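Encoded as C-alpha cells, the structure appears first; notes follow it.
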Amino acid sequence: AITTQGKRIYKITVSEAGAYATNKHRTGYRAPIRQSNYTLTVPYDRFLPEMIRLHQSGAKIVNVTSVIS
Amino acid sequence: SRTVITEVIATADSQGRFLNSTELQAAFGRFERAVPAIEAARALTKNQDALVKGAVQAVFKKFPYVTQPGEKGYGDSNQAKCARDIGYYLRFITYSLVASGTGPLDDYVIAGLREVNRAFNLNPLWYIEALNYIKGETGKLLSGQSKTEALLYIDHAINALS
Amino acid sequence: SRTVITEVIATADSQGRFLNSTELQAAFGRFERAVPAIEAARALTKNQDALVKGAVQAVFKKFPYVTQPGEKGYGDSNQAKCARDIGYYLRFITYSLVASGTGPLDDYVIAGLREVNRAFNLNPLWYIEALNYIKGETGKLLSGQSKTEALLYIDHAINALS
Amino acid sequence: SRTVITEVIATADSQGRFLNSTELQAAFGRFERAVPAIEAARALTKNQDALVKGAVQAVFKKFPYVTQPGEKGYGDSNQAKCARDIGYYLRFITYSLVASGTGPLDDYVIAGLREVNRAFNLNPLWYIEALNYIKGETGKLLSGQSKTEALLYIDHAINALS
Amino acid sequence: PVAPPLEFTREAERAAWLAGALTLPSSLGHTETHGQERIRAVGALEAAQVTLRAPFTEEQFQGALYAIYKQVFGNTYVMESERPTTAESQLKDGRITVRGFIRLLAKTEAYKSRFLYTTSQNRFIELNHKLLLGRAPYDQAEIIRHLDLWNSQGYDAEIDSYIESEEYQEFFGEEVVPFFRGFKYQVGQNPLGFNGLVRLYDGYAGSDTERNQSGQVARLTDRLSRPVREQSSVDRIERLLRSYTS
Amino acid sequence: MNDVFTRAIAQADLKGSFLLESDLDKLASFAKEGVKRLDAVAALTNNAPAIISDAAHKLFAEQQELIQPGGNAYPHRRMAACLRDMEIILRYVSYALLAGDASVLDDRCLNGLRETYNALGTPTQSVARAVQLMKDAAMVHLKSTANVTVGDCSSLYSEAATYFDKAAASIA
Amino acid sequence: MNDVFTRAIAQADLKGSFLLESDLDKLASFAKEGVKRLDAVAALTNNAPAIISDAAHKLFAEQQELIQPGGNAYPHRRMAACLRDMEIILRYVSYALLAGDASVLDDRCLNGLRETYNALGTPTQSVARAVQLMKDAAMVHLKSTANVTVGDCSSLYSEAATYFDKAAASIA
Amino acid sequence: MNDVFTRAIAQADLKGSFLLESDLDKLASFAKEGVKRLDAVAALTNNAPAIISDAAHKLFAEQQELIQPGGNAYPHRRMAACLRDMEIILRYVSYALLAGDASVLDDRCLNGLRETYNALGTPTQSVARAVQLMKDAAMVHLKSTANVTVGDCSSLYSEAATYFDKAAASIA
Amino acid sequence: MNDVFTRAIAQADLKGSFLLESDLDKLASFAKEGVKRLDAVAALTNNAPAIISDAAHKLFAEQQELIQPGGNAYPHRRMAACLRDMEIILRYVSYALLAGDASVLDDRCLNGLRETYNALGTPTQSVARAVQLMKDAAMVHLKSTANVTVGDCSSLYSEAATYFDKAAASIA
Ligand SMILES: CCC1=C(C)/C(=C/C2=NC(=C\c3[nH]c(/C=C4/NC(=O)[C@H](C)[C@H]4CC)c(C)c3CCC(=O)O)/C(CCC(=O)O)=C2C)NC1=O
Ligand SMILES: CCC1=C(C)/C(=C/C2=NC(=C\c3[nH]c(/C=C4\NC(=O)[C@H](C)[C@H]4CC)c(C)c3CCC(=O)O)/C(CCC(=O)O)=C2C)NC1=O
Ligand SMILES: CCC1=C(C)/C(=C/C2=NC(=C\c3[nH]c(/C=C4\NC(=O)[C@H](C)[C@H]4CC)c(C)c3CCC(=O)O)/C(CCC(=O)O)=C2C)NC1=O
Ligand SMILES: CCC1=C(C)/C(=C/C2=NC(=C\c3[nH]c(/C=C4\NC(=O)[C@H](C)[C@H]4CC)c(C)c3CCC(=O)O)/C(CCC(=O)O)=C2C)NC1=O
Ligand SMILES: CCC1=C(C)/C(=C/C2=NC(=C\c3[nH]c(/C=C4\NC(=O)[C@H](C)[C@H]4CC)c(C)c3CCC(=O)O)/C(CCC(=O)O)=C2C)NC1=O
Ligand SMILES: CCC1=C(C)/C(=C/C2=NC(=C\c3[nH]c(/C=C4\NC(=O)[C@H](C)[C@H]4CC)c(C)c3CCC(=O)O)/C(CCC(=O)O)=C2C)NC1=O
Ligand SMILES: CCC1=C(C)/C(=C/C2=NC(=C\c3[nH]c(/C=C4\NC(=O)[C@H](C)[C@H]4CC)c(C)c3CCC(=O)O)/C(CCC(=O)O)=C2C)NC1=O
Ligand SMILES: CCC1=C(C)/C(=C/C2=NC(=C\c3[nH]c(/C=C4\NC(=O)[C@H](C)[C@H]4CC)c(C)c3CCC(=O)O)/C(CCC(=O)O)=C2C)NC1=O
Ligand SMILES: CCC1=C(C)/C(=C/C2=NC(=C\c3[nH]c(/C=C4\NC(=O)[C@H](C)[C@H]4CC)c(C)c3CCC(=O)O)/C(CCC(=O)O)=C2C)NC1=O
Ligand SMILES: CCC1=C(C)/C(=C/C2=NC(=C\c3[nH]c(/C=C4\NC(=O)[C@H](C)[C@H]4CC)c(C)c3CCC(=O)O)/C(CCC(=O)O)=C2C)NC1=O
C-alpha cells in the first residue's frame, strides 16, 4: 500500500438479506447475531479479495463510494 | 456509565441469554442496599461548599509553593479553578454513591485523566491530598454503611489518581 | 464453576484489575443470601429419599407406557437408573443452592445435555415431569426465601431440559 | 472359588454363625499379605511373553524328540498350542496370586487335568518342566517376600501335575 | 397381581433402593473431574468471549483492549510507549472493527519485534497461529503455504492470510477477541492440533517472549515434524545404507 | 445504555448541578420496589420459553398464511428464525423491565429491525401482533399471585404494557 | 460364591486376558484399606443382637397387625422364625461386607426368598421394612468410634447400605 | 492422506518407475470391486447412530465405573465427549474404508491420540474396548444383505476388521 | 478456580454424596464472617499502590544490584516489569482472599511462573523476597483498625499470610 494504488480507500455498503441468511442457517451462528445492513471500508489492494469474500458469504452490496478521489 | 444493574444487563445480553439466579441475586443486593448510599449522598450534598473550601485549604497547606508565584496555584482565577475541580470530584463521588457503582466517577473523571494531567501539567498529588482531606473529614459526618460506601468511592478515586 | 465470587473474580481478572466497590457489593449480597440457600440445601438433603421416590412415582404415573415391557422403563436396571438420574438432579440442585449460583448445574447436568439425551434416546419430558414434581413439594417444604431460591434453581433445570 | 476370604466365609456359614475372631484374623493376614502378591502378579504379567518363550524353549530342550516330524510337537500349530498352554498356566498363576488363594488354579486347570491330559496323550512332564523353567525365571524377576508367594504357586501347580 | 392400580409405590421404592449402588464413588477423579488441570489451561477456557458491539461504552473498552493485548502479544508486557493510540481511537468510533484493529497490531513494529526478528519462520508461523487464530498448525501444508506466501508477497499478505481467513471469519469474525480454542475439539483437526496448542501454551503465567535465555526457539516443528515427511523413512534407510557401503 | 439512576445522573450532569430533592426522592422510591421488580424479571425469565410457545401457537392460530407455503415463516428454518427473533425481543423487553429505561432496547434494536424487516420481506403488522401476544401471555404469567407475597404491582404491569406497546409500534 | 478379587479374575478370564493394571491397583487398594472393612464386619458381628432387637422393637411397634392374633408373626413359632430370618439376613450382609461382594448374599439368602415368602403369605413389604430398620440400627453401630482408631469410612457405610438395600429390594 | 491409487503412484515414483502392468491389474480390480466398497461405506455411514449407541451401551454395561461419580464418563459433559470421540473414530474408519488405505485413520486421527488421552487422564484401554465394540456392532450392519444386491464381500469385511483393529491398537 | 463453596462441592461430588451437615456448617460460618473477608479484600485493594510502592522501595534499598547496570531490573522496561509482577501478585492474593482458596493462584497466577523466571534469568529468590515484603506492607493495612468496626480477624490474617507464603514458595 506504499504506492499510489494502496491509497484511495473506498466505502462499501453491505446488506445481508435472506440470500445470506439461509446460508448462515445451514452453516450456523458462531459469531453474535448482527444487523443485516451496515457500511464498510476496504483498501484498493484488498478490495478484490474482500468483495469476493462477501459475495462468497452471500451478502449483497448496495453501492460503493470513493473516500479519496 | 453503568451500575450493577446495567453491567448485569450487559453480560446477560453478551452471552445471549436471560438473567439467571446469580444476576438477579447481585441486582437484589444492589437494590436493597441502594438506600444507605443514598443517605450518604444526602449528607454529602448537604455539605458540598464547606468541603470545597476545606479541601482547597488542606491542599494549600500541604503544598505551600503552589500558592506562590511561579506555580499554577497563584492567582484568584486559578484558586476558583481548583475549587471547581474539587467540586466536580465531590459531585461525581455523590453521583457514584447514588448510582451504587463507579460508573459515573470512572467515565466522567478517570477516562482520559492521566493524559489531561500530562497536558495542563496538573499534579495528581494536589487532588490526592484534597481527596485525603475529604476522606479524613468524612470519617465523622457519616456512620455505618453510608460512611463505608463513601470511603470506598473516595478510595477508588484516589487509587485511580495514582 | 460460576458463583457470584468466581464470576466476579473472572470478570475482574479479564480486565487485569482489582476488585472495586461493585464487585465486593455483589459478593456481600451473595454472603447475605447464602443463609437461606444453605438452609434450603439442608432441607432438600434431609428429604432426599422422599423426593427421589416421589419423583420416580410421578414420572411413571404421567408416562405409564414407559414401564410396560419392550420399552425403556422396563426392567429393574432402567428404573434404578431413573432414580439415579433424579438423585443426580437433586444433588446438583443442592449444589447450586450452596454455591449460590448455577455453576454446578451448568457444569454437570446442562453441559452436553441434549447430545446425551439424544444418543441414549432419553426423553427430556420425563425429567421435566420429575423436576416439576420436586418443585411441587419444594414449595410445600420450604418457607419464604429458601422456597424462592430452590424454585429458581429447579426452574433453571427445567428450562434447560425444555 | 476358594480363597482365604471365601474359605473363611464358607466355614463360618456352613456352621451357621457370625464371623468370630479367628475368621477375622485370617482375613487380616490375607489382606496384609495381598501386597507382595500384587507386585508379584505385576512382575509376571509384565514379563508374560519372555516367560512363555523361555518355557517353550525349555520344553523343546528337555524333550528334544517332541520337535521331530511325526510327533506332538511337530507343526507350527502345535508350537502355537504349546505357547497358548504356557500362557494359560502363567495367567492362572497370576490369578491365584491376586486372589491370594489356590482357587483359580484348582478351578480352571487342576480340576480335570489328568483326564484331559490322558485323552490327548499330553505328557504331564512337559508342563512340569516348563513350570520348572518359570520357577527358575522368577528367581531373578522377583526377590524378597513376593518371590516366596510366586514360588509357592508355581510349585503347587507342579505338584498338581505330578 | 403385582400392581393393578395406578400407584407405583413398590416400583419407585425398589428403583430408589437399587439406585444406591449406581451412585457409588468410582475409582478416583481428583485430577480427572478437570483434566484441564493436567492441561493447565483452565483460565483460557473459563475466560469468556470479549466483544465490542456497535453502541459500546467507555467501560470494558479498556477491558477489550487489555484482552486484545494479552492475546495478540502473549502475556508479554506492552508498555504504553508501544500502544497505538490512533488505532484505538479509530476503533472507538467503529471506523475499524476489532478485526481491523488486530490487523493493525499485527502490522505494528511491536508485534514484529517480538515475533518476527529474533525468531525463525517456523516459529513465526506457529506464533501467528497460536495468537491470531487460537490453534496450533496442523501440518507442513500450512507451514509451506505460509512461508511461500511470505517470501512471495510480504509480511502484509502473510498476516492477511491469518486475519481475513475463512476460519477467522466464523470462529471470531468482526467483533470477537481471539481466544485459545484448540483445547476444545475444533471440527476438522488432527489429534496433534490439541497437542500442539498444549505444547505452545506453557501456562497462564507464562508467555512466548523474545527476551529470554533460549532466544525464542521453535517449540512445535519437532512435534509437527515426523508425520509430514517421515513416511519415506524406511526406503531412505536402504538408500543411506547403500551410500555408506560404497 | 442507561437505567433510571444513570439517566437521572445524566440529566443532572447536563443541567450541571448536584442532584436535587425530587430526583433522589423518586430514586429512593424506585429502590424500595427493587425486589418488587426483581420478582417480575424472574417471572419473565422463568416463563420465557412458555410465553414464546404460547405466542407462537396463538399467532399461528388467528393468522394462517405463514404456515402455508409462500409465507415468510413457511420453511422450517425461517420459522425457527421467527421464534429466535421473538425470543430476542422478549429478552430485551425483560431487560427494559429490569432497568426501567426503554433506551437500551430502543437504540440497540428498534431502529435496525425496521429496515431489516423491510429487507427480508416480513409483514411488520404480524410482528406487532406477536408483540401484543407476548404482552398478553407475559401479563398472564406475571399477575400470578401464587408462590410470592401479594402487592400493588400495577406499576410494573403498566410499565411492561408500555414496553410491549412501544415495541409493537416501533417495529410497525 | 465370590469376592471382589474372584469377580475381577472371572471377568478377566471371560475376556481371556491378564488382569489389567487398573484392576490390580483397585484390588491392591481394596486390600490396603481392608482393615476398616474388618472393623466394620467386627462391629456388625459384635452388636448383632442389639441391631436385631432394636429392629424388632421398632417394626412391631410400627406394624401392630403382625403380633395380633391371626397376624403373621403372632405365635412364638412365627415370632422366632421372624427373628431368625432377621438374624440370617444380617449374617449374610456381614458376610458380603467382609467379602466386598454381594454374591454370597444374592446366592444363598435371596435366590429364592421372595417366592418363599409369597408362598407362605408373609408380607414382603414388612420384611423389607425390617431390613431397612436393621440397616439404620447397624449404621448407628458402624459409625461408632469407640475402641477403634478414628478414620474415614464413608465408602464402607455406603457399601453396607447398598447390601441392606439389595436385600430389601430383592425381598420386596 | 493417500488412498491406494496414490499409494501405487508413490511407490512407482520413489523408485522412478512407471506403474507396472501388474500394479495396474490390482488397481483395476480395486476399481471394479469399488461398488461393493461404496456399499460398505454407506452401510457404515447411514447406520452410524445405531453402531455408536450399541457400542456405548455395551461399554457402560461392561465397566460401570465410567458412569458412576468419579469416573471418566460421569459428569454428563464427558459422556457427550465420549460419544463424540466414538463418532469421530467411526467417521475416520469409514474414510479409510472408502479410500482403501489407513492413511486417513493413521494420520488425521491416530497420530496424537494416545498421549492426548494420557494428557486428559482418560483410560485408553476403555477407548480401545469401545473401538472393538463398535467393530462388533458395525460388522452386523455391514453384512446386512437387505435392500442391496447379493455378493461375496469377505474382502471388505477383513479390511474393516483391520481398520478397527488398527485404531484400537494405536489408541491403546 | 474454585471458592470455598465450589471446592467443597467438588469434594462432595467425588464422594458421590450430598453435602454433609458439618460441611454446610463450615460454609455457613464462612459466609457469616464474610464481611470481614470483604473488608480485608477492600484493604488490599484500596491500599494496593501504597503496598507495591513500599515493598518495592524496601526491596530496592535492601538489594541494590538489581538496579545497577547489568542488573536484572536495570532499564526502565525491567523496572516496569517488576512493578507489574508485584501488582499482579498482590491482585491474585486479593482474589484468593475473597474466594477463600488458593485455586486462583495455582490456576492463573502461579501456573508457569517458575518456568518463566528460569527462562528470563530472573532470580526467583528476589521475587520471593518481594512477595515477603508485600506481605509485611499488606499486614499493616489489613490490621488498620481505623475506618472499620473492631473485631478479631486473626483467621483472615493467617489465611492471607498463607496465600503470600504459597505465592513465594511457588515462585522460589
Ligand atoms: C402366642 C404366644 C405369644 C406370647 C405370650 C407373646 C408375648 C410377647 N411379649 C413381647 C415382649 C414384651 N413382653 C412384656 C411383658 C412384661 N410386661 C411387664 O409388665 C411384665 C413384668 C412382664 C410380663 C410378665 C413386655 C413389657 C414386652 C415389651 C418388649 C418390647 O417392647 O419389645 C411381645 C412383643 C410385643 C411388643 O413389642 O409390643 C409379645 C408378642 N407373643 C406370642 O406370640
Ligand atoms: C437485535 C437482535 C436481533 C434481532 C431482533 C434480529 C431479527 C432478524 N430476523 C431476521 C430474519 C427473519 N425473521 C423472521 C420472523 C418474521 N417472519 C415471521 O415469521 C414473523 C411474522 C416474523 C417474526 C414474528 C423470519 C421468518 C426470518 C427469516 C428470513 C430468511 O431466512 O430469509 C433477520 C435477518 C438476518 C438473520 O436471519 O439473522 C434479523 C436481523 N436479529 C438480531 O441480531
Ligand atoms: C452427572 C449427571 C448425569 C445425568 C443427568 C445422567 C443421565 C443418564 N442416565 C442414564 C441411564 C438410563 N436412563 C434411562 C431413562 C430413565 N430410566 C427410566 O426408568 C426413566 C423413564 C427414565 C427417567 C425418568 C434409561 C432407560 C437408562 C439406561 C438405558 C440406556 O442408557 O439406553 C445414562 C446413560 C448411562 C448408562 O448407560 O447407564 C445417562 C447419561 N447421567 C449422568 O452422569
Ligand atoms: C527464514 C529462515 C528459514 C529458512 C530459509 C527455512 C528453510 C526451510 N526448508 C524447509 C524444507 C526443505 N528445504 C529444502 C532444501 C534442501 N534440500 C536440498 O537437498 C538442498 C541441498 C537443500 C537446500 C540448500 C527442501 C528440498 C525442502 C523440502 C523438504 C520436503 O518437502 O520433504 C522448510 C519446511 C517446509 C518449506 O520448504 O517451507 C523450511 C521452513 N526455514 C526458516 O525458518
Ligand atoms: C433472586 C430473585 C428474588 C426473589 C425470588 C425474591 C423474592 C422476594 N419477595 C419479597 C416481597 C415481595 N415480592 C413482591 C412481588 C410479587 N408481588 C405480587 O404482587 C407480584 C405477582 C409479584 C411481582 C411481579 C412484592 C410486591 C413484595 C412485597 C415488597 C414490596 O414491594 O413492598 C422479598 C422481600 C422480603 C419479603 O418476602 O417480605 C423477596 C426477597 N427476591 C429476589 O431478589
Ligand atoms: C481381629 C480382628 C481385627 C480388628 C478388629 C482389627 C482392627 C484394626 N484397625 C486398624 C486401624 C483402623 N481402623 C479403622 C476403622 C475405624 N475407624 C473409623 O473411623 C470407624 C470408626 C471405624 C470403621 C467403620 C480405621 C479407619 C483405621 C485406620 C486406617 C488407616 O488409615 O491407616 C488396624 C491397624 C493398626 C491400628 O491403627 O490400630 C487394625 C489391626 N484388625 C483385626 O485383624
Ligand atoms: C479428529 C480426531 C480427534 C480425536 C479422536 C480426539 C479425541 C479427544 N477427546 C477429547 C475429550 C474426551 N473424550 C472422552 C472419552 C473417553 N471417556 C471414556 O473413557 C470413553 C471410553 C472414552 C470414549 C471412547 C472424555 C471423557 C473426554 C473428556 C476428558 C476430560 O474432560 O477429562 C479431547 C479433548 C478436547 C475436548 O474436551 O473435547 C480430544 C482431543 N480429538 C481429535 O481432534
Ligand atoms: C447412490 C450411491 C451408490 C451406491 C449405494 C452404489 C451401490 C451399488 N451396488 C451395486 C451392486 C452390488 N452391491 C454389492 C454389495 C452388497 N452385496 C453384498 O452382499 C453386501 C450385502 C453388500 C456389501 C457388503 C454387491 C456385491 C454388488 C454386486 C456387484 C458385483 O458383482 O461386484 C450396484 C448396481 C446395482 C443397482 O444399480 O441396483 C450399485 C449402484 N452405487 C452407487 O453409485
Ligand atoms: C498471571 C499473570 C502474569 C505473571 C505473574 C507474569 C510474570 C512475568 N514477568 C515477566 C518479566 C519480568 N518480571 C520482572 C520482575 C522480577 N525480576 C526482579 O527481580 C523483580 C525483583 C522481580 C519483581 C518481583 C522482570 C525484571 C522481568 C523481565 C526479565 C527479562 O526481561 O529478562 C514476564 C515476561 C513478559 C515480557 O516479555 O515482558 C512474565 C510472563 N506474567 C503474567 O501475565
Ligand atoms: C462494598 C460492599 C460493603 C462492604 C465490603 C462492607 C463492609 C462491612 N463491614 C462491616 C462491619 C465489620 N467489619 C469487620 C472487619 C474489620 N475488623 C477489623 O479488625 C479489620 C481491619 C477488618 C477486617 C480485617 C468486622 C469485624 C465487622 C463487625 C461485624 C462482625 O464482627 O461480623 C459490615 C457489617 C455492618 C456493621 O456491623 O458495621 C459490613 C457490611 N459494607 C458494604 O456495603
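Every residue, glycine among them, receives a Cβ derived from its backbone with ideal geometry; neighbour counts consider all protein chains shown. What follows is calculated from the coordinates using simple rules that are stated; it is not laboratory data.
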Can you list residue pairs whose Cβ atoms sit under 9 Å apart, with the first residue in the range F:16-30 being over 14 Å from B:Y95 (Cα atoms) and the second being surrounded by 16 or more Cβ atoms within 10 Å (Cβ to Cβ) and among the aromatic types (F, W, Y)? Count only pairs 6 or more apart in sequence or on different chains. F:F30/B:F31; F:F30/F:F5
Determine if the range H:20-41 includes at least one residue that is away from ligand 4 (no atom under 16 Å from the Cβ), under 30 Å from E:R236 (Cα atoms) and not in a helix (DSSP H, G or I). yes
Do we find that G:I9 is more than 16 Å from ligand 9 (Cβ to nearest atom), of a type in the set (V, I, T) and more than 9 Å from chain D (Cβ to nearest Cβ) in this structure? no
Might you let me know whether the range H:98-118 holds any residue that is closer than 19 Å to H:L59 by Cα and more than 14 Å from chain E (Cβ to nearest Cβ)? no
Can we say F:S94 is more than 11 Å from chain B (Cβ to nearest Cβ) and away from ligand 2 (no atom under 12 Å from the Cβ)? no
Selected residue (only one of C:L105, C:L97, C:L113 is away from chain H (no Cβ under 14 Å) and either touching a residue at least 24 places away in the same chain (Cβ under 8 Å) or more than 21 Å from E:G20 (Cα to Cα) (or both)): C:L97
Note: among E:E166, E:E142, just one is without any contact (Cβ under 8 Å) to a residue 24 or more places away in the chain and away from every other protein chain (no Cβ under 12 Å), namely E:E142
Looking for something within 14 Å of chain I (Cβ to nearest Cβ), more than 16 Å from ligand 10 (Cβ to nearest atom) and in contact with a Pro (Cβ under 6 Å, 6 or more places away or on another chain) - is there at least one such residue anywhere in the range H:62-69? yes
Those residues of the range I:45-62 which are crowded, with 16+ Cβ neighbours inside 10 Å and touching a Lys or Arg at 6+ places or on another chain (Cβ under 9 Å), in sequence order: I:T45, I:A48, I:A55, I:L59
Hey, does the range G:54-77 have a residue that's among the aliphatic types (A, V, I, L, M) and over 23 Å from G:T116 (Cβ atoms)? yes
Take C:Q48 and tell me if it is within 23 Å of I:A8 (Cα to Cα), touching a helix residue (DSSP H, G or I) at 6+ places or on another chain (Cβ under 9 Å) and away from chain B (no Cβ under 11 Å). yes
When the range B:15-60 is examined, which residues are found to be under 30 Å from E:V176 (Cβ atoms) and in contact (Cβ under 8 Å) with a residue 40 or more places away in the chain? B:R30
For helices (runs of 4 or more DSSP H) lying entirely in the range E:69-119, having 3 or more residues that are within 19 Å of E:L133 (Cα to Cα) picks out E:98-106, E:109-112
When you go through E:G196, E:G206, E:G215 one by one, which is the residue that is closer than 30 Å to I:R114 by Cβ, more than 16 Å from ligand 8 (Cβ to nearest atom) and touching a helix residue (DSSP H, G or I) at 6+ places or on another chain (Cβ under 6 Å)? E:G206
Go through the residues of the range I:141-164 one by one and say whether even a single one is within 12 Å of chain E (Cβ to nearest Cβ) and either under 13 Å from the mean Cα position of the chain (by Cα) or more than 16 Å from ligand 1 (Cβ to nearest atom) (or both). no
F:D85 vs. criteria among the acidic types (D, E) and within 12 Å of chain A (Cβ to nearest Cβ): yes
Mind telling me which of the residues B:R114, B:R91 ends up being farther than 20 Å from F:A12 by Cβ and among the basic types (K, R)? B:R114
Go through the residues of the range I:90-111 one by one and say whether even a single one is surrounded by fewer than 17 Cβ atoms within 10 Å (Cβ to Cβ), over 13 Å from the mean Cα position of the chain (by Cα), of a type outside the set (K, R) and more than 16 Å from ligand 1 (Cβ to nearest atom). no
Only one of A:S15, A:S57 is surrounded by 13 or more Cβ atoms within 10 Å (Cβ to Cβ), in contact (Cβ under 8 Å) with a residue 12 or more places away in the chain, small (G, A, S) and out of contact with any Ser or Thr (no Cβ under 9 Å at 6 or more places or on another chain), namely A:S57
If you go through the range B:19-53 one residue at a time, how many are of a type in the set (A, V, I, L, M, F, W, C) and under 22 Å from F:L38 (Cβ atoms)? 10
Could you please tell me which pairs satisfy a Cβ distance under 8 Å, a separation of 6+ or placement on different chains, a first residue in the range B:61-86 that is within 22 Å of B:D49 (Cβ to Cβ), and a second residue that is assigned to a helix (DSSP H, G or I) and among the aromatic types (F, W, Y)? B:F63/B:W126; B:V66/B:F60; B:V66/B:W126; B:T67/B:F60; B:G73/B:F60; B:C82/B:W126; B:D85/B:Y127; B:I86/B:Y127
By residue number, the members of the range B:13-44 that are more than 7 Å from every other protein chain (Cβ to nearest Cβ), crowded, with 21+ Cβ neighbours inside 10 Å and more than 20 Å from the chain's Cα centre (by Cα) are B:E23
So, of the residues in the range I:119-134 that are within 14 Å of chain E (Cβ to nearest Cβ) and under 14 Å from I:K166 (Cα atoms), which turns out to be surrounded by the most Cβ atoms within 10 Å (Cβ to Cβ)? I:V131
B:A55 vs (1) within 23 Å of C:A26 (Cβ to Cβ); (2) more than 9 Å from every other protein chain (Cβ to nearest Cβ); (3) surrounded by 22 or more Cβ atoms within 10 Å (Cβ to Cβ): all pass except (1)
Looking only at the range G:72-92, count how many residues are of a type outside the set (F, W, Y) and in contact with a helix residue (DSSP H, G or I) (Cβ under 7 Å, 6 or more places away or on another chain). 8
Which condition breaks for C:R84 when tested against (1) touching an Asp or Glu at 6+ places or on another chain (Cβ under 6 Å); (2) within 7 Å of another protein chain (Cβ to nearest Cβ); (3) of a type in the set (K, R)? (1)
